[PDB]
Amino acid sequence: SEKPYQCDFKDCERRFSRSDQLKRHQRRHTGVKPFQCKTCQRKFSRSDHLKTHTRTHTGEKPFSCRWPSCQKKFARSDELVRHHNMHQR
């Protein structure tokens, strides 16, 4: 296929074009969590999710609302997406 990296775990049929994508996926089956927060010691399956988790400790909110007169800002881009959607609907 164009998706040679197939998951063979029991009752899973997912396949991927990339072996690293498959490796990340399989952590949902094994429970493996390689990335640990240095502040609170919680462990995470993914590096990017550790990174956004750490902002919960610092209050860093790099994503600011663009709506005039709005002061809201957010830790993650998707929070801001939801928020912008809210303003116009």
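Think of the rigid core as the biggest set of C-alphas that the two forms share within 1.5 Å after superposition. Quick note: we count residues from 1 along the sequence shown, nothing fancier.
Two stretches, 77-85 and 62-70, are weighed by how far their CA atoms sit from the shown form in 4 other deposited structures of this protein after rigid core superposition; the farther one is 62-70. 20-28 and 70-78 differ in mean CA B-factor, and the higher of the two is recorded for 70-78. Ranked against the other modelled residues of its chain, the C-alpha B-factor of residue 43 as given in the entry falls in the highest third.
For residue 36, the recorded CA B-factor ranks within the middle third of the chain. Only modelled residues enter the ranking. Placement of the Cα temperature factor of residue 54 within the chain: middle third of the modelled residues, per the deposited record.
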